[PDB]
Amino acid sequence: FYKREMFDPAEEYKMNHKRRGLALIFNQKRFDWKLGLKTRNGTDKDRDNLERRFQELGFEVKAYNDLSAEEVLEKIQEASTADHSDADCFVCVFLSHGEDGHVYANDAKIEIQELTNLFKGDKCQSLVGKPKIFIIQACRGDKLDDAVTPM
């Protein structure tokens, strides 16, 4: 047969590097008076839970509690410019309030594209073609979803 399928539906990311990779967790519990945000009690249970499952899967987990926005970008840039050559991939988790397209650090808004841009191929080359996983536990607005029933 002259036409080989070049996009096999079974194709998988190669997950056979030396390390699994970094998982960062940004746990935001308390906020500046200037932000006017209520304290997210229960989030440490979320953090401890994520750190456990991510360790079970092989990641190196770095959990930060209540960092400022500048410090979040500092730890993001630190991950962005690291050597991911023998990592399978990269995870980044954010536990905060948010809205629009931004989450809150301890003191200030952070657009989610600020979290993601430093890992785009043109900036973090050692991750090109590797999965980059971002998890946002945050409000994205203030609508409520109603309950409906199949008929």
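One rule holds for the numbers: they count along the sequence shown, beginning at 1.
Peer 1: Could you tell me which third, lowest, middle or highest, the C-alpha B-factor of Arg53 occupies within its chain?
Peer 2: CA B-factor rank for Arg53: highest third.
Peer 1: Relative to the other modelled residues in the chain, which third contains the C-alpha temperature factor of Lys109: lowest, middle or highest?
Peer 2: Within its chain, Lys109 is a middle-third residue by C-alpha B-factor, going by the deposited values.
Peer 1: Select lowest, middle or highest to describe the third in which the CA B-factor of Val103 falls within its chain in this entry.
Peer 2: For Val103, whose C-alpha B-factor we compare with every modelled residue in the chain, the answer is the middle third.
Peer 1: Sorting the chain's CA B-factors, does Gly129 end up in the lowest, middle or highest third?
Peer 2: It belongs to the middle third of the chain when residues are ordered by C-alpha B-factor.
Peer 1: Rank-wise, by C-alpha B-factor, drop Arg30 into the lowest, middle or highest third of its chain.
Peer 2: Middle third by C-alpha B-factor.
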